[PDB]
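Structural features, examined
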Amino acid sequence: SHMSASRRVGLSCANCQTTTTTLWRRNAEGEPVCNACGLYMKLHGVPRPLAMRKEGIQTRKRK
Ligand SMILES: [Zn+2]
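Sequence positions in this view are assigned from 1 along each chain in the order the sequence is written. Entry numbering can differ, and residues without coordinates are absent from the display. In computing side-chain properties, one takes all heavy atoms of the structure into account and sets aside hydrogens as well as water.

Per the deposited record, determination of this structure is attributed to solution NMR.

Identification of the protein as Transcription factor GATA-4 from Homo sapiens is taken from the PDB entry. The title line of the PDB record says "Solution NMR Structure of Transcription Factor GATA-4 from Homo sapiens, Northeast Structural Genomics Consortium (NESG) Target HR4783B".

Written out as structure tokens, the structure reads:
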């Protein structure tokens, strides 16, 4: 693995963690995602799976 610096300039995708994209779309919660992650919800409803279906947290979080 390469030493991936946490340098996140110009937001971060609320799924795939990439800070670089052509268009910043919004997911089901309205969070700032990359174009590729936003389209996957238009196709299905869930975003592009990386770290498994773990943090679909439902603990009354309004935001
Ligand atoms: Zn993304």
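Considerations on the overall build of the protein
What counts here: Only DSSP runs of H or I covering at least 4 residues are called helices, and only runs of E covering at least 2 are called strands; the numbering of each starts at the N terminus. Exposure is judged per residue with a 1.4 Å probe applied to protein chains only, and the accessible area is read against the type maximum: over 50% gives exposed, under 20% gives buried, and values in between give partly exposed. Contacts between residues were defined by any pair of non-hydrogen atoms, one from each residue, lying within 4.5 Å.
Across its full length, the protein holds 1 helix and 2 strands. Reading the protein from its N terminus to its C terminus gives the helix and strand order β-β-α. Reported as C-alpha extents along the three principal axes, the dimensions of the protein are approximately 35 × 25 × 20 Å. Counting all 63 residues of the protein, 16% fall into the buried class. Of all intrachain contacts in the protein linking residues separated by at least 6 positions in sequence, the fraction that spans at least 24 positions is 10%.

Focus: the pattern of salt bridges
Keep this limit in mind: By salt bridge we mean one thing: a side-chain nitrogen of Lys or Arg within 4 Å of a carboxyl oxygen of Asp or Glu.
Under the defined criterion, the tally for this structure stands at 1 salt bridge. With a closest N to O distance of 2.8 Å, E31 and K63 form a salt bridge. With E31 in the loop between β1 (24-26) and β2 (32-34) and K63 in the segment after α1 (35-43), the pair connects residues that are 32 residues apart, well separated along the chain.

Thoughts on the coordination of the zinc ion
Operational definition: Donor criterion used throughout: N, O or S atom within 2.8 Å of the metal, extended to 3.2 Å for Na, K and Ca. Water excluded; incomplete-looking sites may result. Working rule for geometry: tetrahedral if four donors all subtend angles between 85 and 135 degrees; square planar for four, octahedral for six, if opposite donors exceed 155 degrees and the others stay between 65 and 115; irregular in every other situation.
Around the zinc ion, the donor atoms from the protein are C13 (SG), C16 (SG), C34 (SG) and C37 (SG), and they sit 1.8 to 1.9 Å away. Taken together, the 4 donor atoms coordinating the zinc ion and their angles of 100 to 124° define a geometry best described as tetrahedral. For the zinc ion, the single-chain donor residues occur in sequence as C-x2-C-x17-C-x2-C. Judged by its relative accessible area of 4%, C34 is buried. Classification of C37 as buried rests on a relative accessible area of 1%.

Some thoughts on the layout of surface pockets
Rule in force here: With a 1 Å grid spanning the protein atoms alone, the term cavity applies to any set of points in which a 1.4 Å probe fits but cannot get out, the term pocket to an open set with protein on both sides within 12 Å along at least five of seven lines, and the term lining residue to any residue with an atom within 4 Å of a point. Grid points are joined across faces, edges and corners, and a volume is the space filled by probe spheres set on the points. For this classification, the nonpolar set comprises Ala, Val, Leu, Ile, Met, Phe, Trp, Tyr, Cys and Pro, the charged set comprises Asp, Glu, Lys and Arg, and every other residue, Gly included, is treated as polar.
The volume enclosed by the largest pocket comes to roughly 810 Å³. Grouping the constituent residues of the lining of the largest pocket by class yields 10 nonpolar, 5 polar and 8 charged.

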